Every structure is written in C-alpha cells, then in structure tokens.
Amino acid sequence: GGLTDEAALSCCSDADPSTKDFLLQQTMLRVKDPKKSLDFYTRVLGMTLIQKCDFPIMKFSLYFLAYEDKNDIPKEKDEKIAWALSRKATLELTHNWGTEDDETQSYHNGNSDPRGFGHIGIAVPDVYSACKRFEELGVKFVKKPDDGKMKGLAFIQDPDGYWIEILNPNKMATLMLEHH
C-alpha cells in the first residue's frame, strides 16, 4: 500500500512562475482562553506576539505568534500588519469572545474521531533538554521522548489540547534504534 517514490513524483508538477513568491504564512487554531494560550506560546515555547486584531461585530480577536525578534516589529499600526502577515510560519489563534467562561466548551484537536488536523511541530536543538524543561514547567505530554518506538521525539499539548510535536531535525533521519 501507499505510493512508490516514483508514483508520488509523477503526481508532482514544477512550480508555476505565478507562484514564485508565495509563502506559507499561517496555521490557524481556535483557542478557548487567549490568556492561557499567550502564556503557553510565549513563556513555555518562546514565541512572540507580533500582531493582534479585533472584530467587534463578529465578536472575535486574532493573535499572531511567531519566532521573531520583538525589536524587528514595526511600531506603526499599518506597517506592523504588513510585516506580521508577511512572516513565514506564524500561528494565528482565534478567540471567539465568551469561550473562556463556558466550563464545558472545548475545541477538538483533530486526533480523535472525527480526525483531520494532527499537530504543529517545533524543531529544537535538543528534544531531551527541552522536554525536561516542559516537565519542570508542568506541561502536559501526549508522548515523552522515549515512549514508543520513535525515540528522541515528543508530543506536548497546549492549553486547548492541540498536539505539538517536538523534534530534532538531525535525529529524524535516525528515529528508530540502530546498529543494536
């Protein structure tokens, strides 16, 4: 089952010139409580809030998190928007006003029925170290580095239960135990 390498490549086309400056700018998740979300993504994972927007008829706010240096963030409202939404690899967290105060409300993380979305993933230079810190800080784990067969790979959860892969690019080649 599954495609061969060749069959997969036969389904691929070269990038049309019209697409040549496109970039993958954002991944959007719904959040129940932006206070807890901002504290997790900034304090625990070290991202930076680069932009926020509010839509009062709609009754929602948008928050833009990214691994960016806060010094590079423009001060002028208009320029900041242009800068923020032209960064690669942002996380857009949507808050529907009111969710934080409903005890039962929760978003679905995509990993139980009905499945779809699986996770976001953060490349780190040392999974083991980063995960000792997450433990120290009380983060919830789906999978700790040495649980199951894929070693030196972890999954944690944000305050909504969305899964975050924690990986080391250099270990991905050799995930499984080897020579042994």
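Rigid core here is just the name for the largest C-alpha set that superposes within 1.5 Å across the two forms. Residues carry their position along the shown sequence, with the first being 1.
Larger mean CA deviation from the shown form in 7 other deposited structures of this protein [core fit; 15-23 vs 168-176]: Taking the RMS over all superposed structures in 7 other deposited structures of this protein, 168-176 lies farther out.
Would you mind comparing 142-150 and 47-55 for me and telling me which has the higher average C-alpha temperature factor in the entry? Per the deposited B-factors, the answer is 142-150.
If you average the CA temperature factors over each stretch, which comes out higher, 166-174 or 17-25? Taking the mean B-factor of the alpha carbons in each, 166-174 is higher.
Can you tell me which of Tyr128, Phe40, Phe64, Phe155 has the highest Cα temperature factor in the record? That would be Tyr128, according to the entry.
Among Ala89, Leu93, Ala82, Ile73, where is the Cα temperature factor highest, going by the PDB entry? Within the set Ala89, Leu93, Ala82, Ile73, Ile73 shows the top C-alpha B-factor.
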